[PDB]
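S.K.:
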Amino acid sequence: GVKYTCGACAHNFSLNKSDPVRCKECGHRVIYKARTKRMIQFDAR
Amino acid sequence: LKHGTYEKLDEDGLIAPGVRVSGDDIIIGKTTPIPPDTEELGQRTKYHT
Amino acid sequence: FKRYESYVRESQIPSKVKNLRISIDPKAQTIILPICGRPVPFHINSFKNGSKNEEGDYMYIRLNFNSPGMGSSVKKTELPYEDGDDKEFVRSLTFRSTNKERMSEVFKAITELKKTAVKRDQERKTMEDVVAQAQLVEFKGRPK
Amino acid sequence: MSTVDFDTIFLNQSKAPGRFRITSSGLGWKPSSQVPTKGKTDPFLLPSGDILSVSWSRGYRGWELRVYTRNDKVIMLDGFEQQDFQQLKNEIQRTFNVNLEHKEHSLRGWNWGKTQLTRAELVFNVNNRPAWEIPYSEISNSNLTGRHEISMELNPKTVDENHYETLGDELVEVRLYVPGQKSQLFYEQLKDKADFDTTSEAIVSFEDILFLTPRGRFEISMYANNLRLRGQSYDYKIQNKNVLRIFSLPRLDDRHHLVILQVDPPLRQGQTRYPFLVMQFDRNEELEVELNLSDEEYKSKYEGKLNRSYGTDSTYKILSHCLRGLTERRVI
Amino acid sequence: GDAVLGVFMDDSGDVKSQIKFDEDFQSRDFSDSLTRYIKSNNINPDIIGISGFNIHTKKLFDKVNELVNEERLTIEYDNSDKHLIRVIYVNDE
Amino acid sequence: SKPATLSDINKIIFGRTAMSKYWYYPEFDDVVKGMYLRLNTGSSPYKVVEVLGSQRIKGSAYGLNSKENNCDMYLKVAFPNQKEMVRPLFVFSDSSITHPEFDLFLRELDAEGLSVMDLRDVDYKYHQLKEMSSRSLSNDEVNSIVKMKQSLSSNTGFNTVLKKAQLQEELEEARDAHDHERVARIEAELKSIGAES
Amino acid sequence: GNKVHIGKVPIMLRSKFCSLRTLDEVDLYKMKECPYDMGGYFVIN
Ligand SMILES: [Zn+2]
């Protein structure tokens, strides 16, 4: 439901809150969430 | 529950990068189980566990 | 001899037969066998026992049929064929096929059809000599 | 000249459909060009002078036109519709002056009847109707298997440079039972018709062996790579590699001798299995056996492992030596 | 957060089975579960009583009456115009 | 037992992206069995083929979707009119099967004398795919898939660094054991693997 | 009687028994290690 990114091979995937925390293709134990889809605005100051 | 806001959390209880946060906002959502009370009397599944 | 028949008309033979392969009709208890492009039906009653042997890529299944001379365990009273000294019998047919899985399923279905036929014939016999009795008349008051 | 043609017709049980044509010169059949049939694309042609008679009957793929030739060959053309009968009858009568005979077949499902050796085919009749026919050209060999039993082997059609791929389940062997003192005369006529040549297989066979486990009587046929057990209700094929151990043990009754095979995987009859096969011989049972091996194969593979002929010695000793030579397992 | 409780008693006066309905009483799931409880389990109650502490019970009574009128839950009669199972309010002092 | 319509087959569409997402599953071999999918003939009219099975082919690693999408799984399919074929996964197209395509597949089946998958069997396939796609993998299954992809792994900078570190550790172990024969082989292997840029 | 395991000793970074003693300059970046880091400390928890 929510995307994730591996910490070594930078491979995108998704998890269903029941899979083991692991990259599907290289088996790394550290993954990162992906950026939000909301709008990000800055004041340029 | 904490007096902050939980609306910035994702489905897995973790906030996502790129989201602006303020003081007292909830960035990690975690719950611990509690033995249920006698609320199963007439609560329609809406009892605190 | 208990007289039986597989089909009366060629229309009764199912259209599924078009495959030049062994086709089984459970409704008519019939095993249609491809003998030189002929849809020859063989009733499960005429069928005796079967032996399956996967030799190489072909599955050689020999289907044996009832033949006089120490054959079936059935008593002389009921014979699965009509009495005849001048009658010649098909004792066995051996077929081969490249498809092993289907040929195993066909053999299972022939064996199941035989088991169902034998069970129905036993059930009939356990009801045969039994004379049709009158219906029990219930007592109109409090029965003992 | 009205050429009559039929599409989607099959020749001799061919897998590929073809176009059949009737001409004043004869019959023609050509495979349809839509199937990559590794195979000559050449049209089959039958001259008008070679046609003897033609029968119409029910086949697998609809109706079958069976053409009898003067050269004792049968040609099978299947795939016709029931409506085609009137057109075919008129055209065959007009072109060849041959009557198209409608042949009804027995559908009763009986395995008893009368065999009738017709000029080009063996016919099995059930209640005065043909149940099936086998062309003599499809019979490879015939062999008397008992006093009332005739086994016919049919040419297994595999890959021949002159035949279309066949589609379906193939008949390999037909066994007939001919009662009365009659099967030898029937066999002689059939054998003489197509000069059938008898063949011998299996390095060695042992008939009527009593097994205690599985309980029953079995013929043991030995091959280079495998052992076959042939039983009235159950046939088993054991690979020589699956034989772990051979025991040859005298029974304490001093009258019988036990030969015991350990097999892995264990032989199966349903639920429980047979990891051990227990054979029981009489000690006074003597057998003489010649091995079915060529002198070149014997010298190259079996010299010092097997004897070329076993004299009249006890059956269990001959069997134990043959098992030792073929399985390379030590007899205990 | 007010689930509907159901208690069935036979003519013997002994409790036979108690059930909880944890879905909303206005949902199709509530009606389907109540129909399954009424029919499948061979309960066959002769009369159904409804009571409460406030006017909210009136809506439940109306919903139950509509369900009875819709599913034709006639009373089982031991061995033919089968009669419907009555639904009434009950005094509850 | 009813014949399957176009929508029933469309319900079990398994795209090439889905193939890459699920081809390494142990159950995927039976899942893909009997399925109908759009195929690029190449010799292009897209047509439907029937999966007679799958066969892993070592040494035939191919790009599935991108350069990194190496795959060893192969699908043994067959046209009805044509003969059996062993094809890689990327040949199939994510585009849906069109009406003329399904009509031609039906005509070829009728020419051969075959039938269409039963609606009960269509539902069984749909349930199999839904179970397989929503399944949660175990730790052992993850390890097996990782080892399989490592066998398929031609090269990866992180993995190359890890291999070089493991080789250095093995080399120091051999050095401490005074094994002058193993150390030469390890040095040669390290020299071959190294020389980065 | 053979190699019995008696415990685990923490390893000082960039020392002789550290994994970063080898790996040159290029691989130090792939491991997300700063080449300016000097070692000399332990990593406990
Ligand atoms: Zn990864």
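Chains as they are written, first to last, in PDB author numbering: chain A, 28 to 72; chain B, 885 to 933; chain C, 526 to 669; chain D, 1 to 181, 201 to 351; chain E, 776 to 854, 866 to 879; chain F, 193 to 235, 241 to 394; chain G, 153 to 197.
The beta carbon of each residue, even a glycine, is placed where N, CA and C say it ideally should be.
Kindly identify the DSSP beta-bridge partner or partners of residue 185 of chain D.
M.R.: Missing from the coordinates is residue 185 of chain D; the shown part of chain D jumps over it, going from 181 to 201.
S.K.: Could you tell me if the beta carbon of residue 24 of chain A falls within a distance shorter than 7 Å of some heavy atom in ligand 1?
M.R.: No statement about residue 24 of chain A is possible, as the shown extent of chain A runs from 28 to 72 and does not include it.
S.K.: Between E52 of chain A and ligand 1, is the CB less than 7 Å from at least one heavy atom?
M.R.: Residue numbering aside, residue 52 of chain A sits at position 25 when the first sequence is read from its first letter. Yes, since a heavy atom of ligand 1 falls inside the 7 Å radius drawn around the Cβ of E52 of chain A.
S.K.: Quick one: list the residues of chain B neighbouring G28 of chain A, beta-carbon separation under 7 Å, in chain order.
M.R.: Here residue 28 of chain A is taken as the residue at index 1 of the first sequence, counted from 1. Residues of chain B passing the Cβ test: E895.
S.K.: For a test of the three-state rule: what should DSSP assign to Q258 of chain D, helix, strand or coil?
M.R.: Residue 258 of chain D sits at position 239 when you count from the first residue of the fourth sequence. In the structure shown, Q258 of chain D sits in a strand (DSSP, three-state: E or B).
S.K.: Do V297 of chain D and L277 of chain D have their beta-carbon atoms positioned less than 8 Å apart in this structure?
M.R.: Within the fourth sequence, residue 277 of chain D is the residue found at index 258, counting from 1. Within the fourth sequence, residue 297 of chain D is the residue found at index 278, counting from 1. Cβ distance < 8 Å, so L277 of chain D and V297 of chain D count as in contact.
S.K.: Which chain B residues are close to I58 of chain A, counting only those with a beta carbon under 8 Å from its beta carbon?
M.R.: Taking the first residue of the first sequence as 1, we reach residue 58 of chain A at position 31. What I58 of chain A touches in chain B: nothing, since even the nearest Cβ is about 11 Å away.
S.K.: Please report the residue range of the alpha helix (DSSP H) in which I899 of chain B lies.
M.R.: Taking the first residue of the second sequence as 1, we reach residue 899 of chain B at position 15. Note, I899 of chain B: premise wrong, no alpha helix (DSSP H); not H, not E.
S.K.: Using only the alpha-carbon positions, how far apart do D550 of chain C and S106 of chain D sit?
M.R.: Stepping through the third sequence from its first residue, residue 550 of chain C is reached at position 25. Stepping through the fourth sequence from its first residue, residue 106 of chain D is reached at position 106. Rounded to whole angstroms, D550 of chain C to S106 of chain D spans 17 Å at the Cα level.
S.K.: Let me check you understand the geometry: is the CB of residue 3 of chain A closer than 7 Å to at least one non-hydrogen atom of ligand 1?
M.R.: Chain A is shown only over 28 to 72; residue 3 of chain A falls outside these bounds and no answer can be derived.
S.K.: Within 10 angstroms of the Cβ of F572 of chain C, are there 16 or more other Cβ atoms? Answer buried if so, exposed if not.
M.R.: Locating residue 572 of chain C in the third sequence gives position 47, where the first residue counts as 1. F572 of chain C should be labelled buried.
S.K.: Buried or exposed: which applies to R49 of chain A, given that a residue is buried once 16 or more other Cβ atoms fall within 10 Å of its Cβ?
M.R.: Position 22 of the first sequence holds residue 49 of chain A. Under this definition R49 of chain A is a buried residue.
S.K.: Anyone know if the C-beta pair for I150 of chain D and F205 of chain D falls short of 8 Å?
M.R.: As a working mapping, residue 150 of chain D is identified with position 150 in the fourth sequence. As a working mapping, residue 205 of chain D is identified with position 186 in the fourth sequence. It is a contact, given that the beta carbons lie within the stated cut-off.
S.K.: Quick check on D797 of chain E - is its C-beta less than 8 Å from some C-beta in chain B?
M.R.: Sequence index remark: in the fifth sequence, residue 797 of chain E carries index 22 (1-based). So, interface residue.
S.K.: Can you tell me which of the three DSSP states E626 of chain C falls into?
M.R.: Taking the third sequence and counting its residues from 1, the one referred to as residue 626 of chain C is at position 101. In the structure shown, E626 of chain C sits in a helix (DSSP, three-state: H, G or I).
S.K.: Is the separation between the beta-carbon of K795 of chain E and that of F783 of chain E shorter than 8 Å?
M.R.: For the purposes of this step, residue 795 of chain E is taken as residue 20 along the fifth sequence, with counting starting at 1. For the purposes of this step, residue 783 of chain E is taken as residue 8 along the fifth sequence, with counting starting at 1. Not a contact, by the Cβ cut-off of 8 Å.
S.K.: So the candidates are E:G776, E:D853, E:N829, E:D837; which of them puts its Cα closest to the Cα of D799 of chain E?
M.R.: The residue given as residue 799 of chain E occupies position 24 in the fifth sequence. Comparing Cα-Cα distances from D799 of chain E to each of E:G776, E:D853, E:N829, E:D837, the minimum goes to E:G776.
S.K.: DSSP three-state label for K577 of chain C, please.
M.R.: In the third sequence, counting from the first residue as 1, residue 577 of chain C sits at position 52. Residue state, collapsed to three classes: strand.
S.K.: Within 8 Å, do at least three Cβ pairs link the stretch 611-625 of chain C to the stretch 580-587 of chain C?
M.R.: The stretch 580-587 of chain C vs the stretch 611-625 of chain C: in contact.
S.K.: What is the DSSP secondary structure of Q793 of chain E, counted as helix, strand or coil?
M.R.: In the fifth sequence, residue 793 of chain E corresponds to position 18, counting from 1. In the structure shown, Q793 of chain E sits in a strand (DSSP, three-state: E or B).
S.K.: Going by C-alpha to C-alpha distance, which of A:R62, A:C53, A:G28, A:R65 sits closest to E265 of chain F?
M.R.: The residue you call residue 265 of chain F lines up with position 68 of the sixth sequence. Among A:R62, A:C53, A:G28, A:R65, the Cα nearest to that of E265 of chain F is on A:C53.
S.K.: Under the three-state reduction of DSSP, which class applies to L638 of chain C: helix, strand or coil?
M.R.: Numbered from 1 along the third sequence, position 113 holds the residue referred to as residue 638 of chain C. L638 of chain C falls in the helix class under three-state DSSP.
S.K.: In angstroms with no decimal places, state the Cα-to-Cα distance between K324 of chain D and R343 of chain D.
M.R.: On the fourth sequence, residue 324 of chain D is found 305 positions in, with the first residue counted as 1. On the fourth sequence, residue 343 of chain D is found 324 positions in, with the first residue counted as 1. Straight-line Cα distance between these residues: approximately 8 Å.
S.K.: Thinking C-beta only, is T217 of chain D closer than 8 Å to residue 189 of chain D?
M.R.: Any question about the placement of residue 189 of chain D has no answer from these coordinates, since chain D jumps from 181 to 201.
S.K.: Could you please give me the residues that DSSP links to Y259 of chain F through a beta bridge?
M.R.: Numbered from 1 along the sixth sequence, position 62 holds the residue referred to as residue 259 of chain F. In the DSSP output, where bridge partners are listed per residue, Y259 of chain F has F:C268.
S.K.: Does the beta carbon of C33 of chain A come closer than 8 Å to any beta carbon on chain F?
M.R.: Counting from one through the first sequence, the residue named residue 33 of chain A turns up at place 6. So no, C33 of chain A is outside the interface.
S.K.: Consider the C-beta atom of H55 of chain A and the heavy atoms of ligand 1; say whether any pair is separated by less than 7 Å.
M.R.: Counting from 1 along the first sequence, the entry for residue 55 of chain A is found at position 28. Under cutoff, so the answer is yes.
S.K.: With distance defined between alpha-carbon atoms, name the residue in G:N197, G:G191, G:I196, G:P187 nearest to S167 of chain G.
M.R.: Taking the seventh sequence and counting its residues from 1, one reaches residue 167 of chain G at position 15. Of G:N197, G:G191, G:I196, G:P187, the residue nearest in Cα terms is G:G191.
S.K.: Just to check my reading of the structure: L154 of chain D and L171 of chain D have Cβ atoms closer than 8 Å, yes? What is that Cβ distance to the nearest angstrom?
M.R.: The residue given as residue 154 of chain D occupies position 154 in the fourth sequence. The residue given as residue 171 of chain D occupies position 171 in the fourth sequence. Confirmed, Cβ separation roughly 6 Å.
S.K.: Residues of chain A with CB closer than 7 Å to the CB of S333 of chain F, please, in chain order.
M.R.: Residue 333 of chain F sits at position 136 when you count from the first residue of the sixth sequence. Chain A residues near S333 of chain F: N43, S45, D46.
S.K.: Name the DSSP bridge partner or partners of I557 of chain C?
M.R.: As a first step, residue 557 of chain C is located in the third sequence; it is residue number 32 there, counting from the start. Answer is C:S548, bridged to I557 of chain C.
S.K.: Is it right to say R317 of chain F is buried, meaning 16 or more other beta carbons lie within 10 angstroms of its own, or is it exposed?
M.R.: Sequence index remark: in the sixth sequence, residue 317 of chain F carries index 120 (1-based). When all chains shown are included, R317 of chain F counts as exposed.
S.K.: Within 8 Å (strictly less), CB to CB, does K51 of chain A reach chain F?
M.R.: What you label residue 51 of chain A is simply residue 24 of the first sequence in a count that begins at 1. Yes, contact with chain F.
S.K.: Can you tell me whether DSSP reads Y317 of chain D as helix, strand or coil?
M.R.: The residue you call residue 317 of chain D lines up with position 298 of the fourth sequence. Helix, per DSSP.
S.K.: Taking only runs that begin and end inside the stretch 295-352 of chain F, name each unbroken alpha helix (DSSP H) of 4 or more residues, in chain order.
M.R.: Listed in chain order, the complete alpha helix (DSSP H) runs (minimum 4 residues) inside the stretch 295-352 of chain F are 296-309, 316-330, 336-349.
S.K.: Do you know offhand how far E247 of chain F's Cα is from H163 of chain D's?
M.R.: Along the sixth sequence, one-based indexing puts residue 247 of chain F at 50. Along the fourth sequence, one-based indexing puts residue 163 of chain D at 163. In a straight line, the C-alpha of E247 of chain F is about 28 Å away from that of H163 of chain D.
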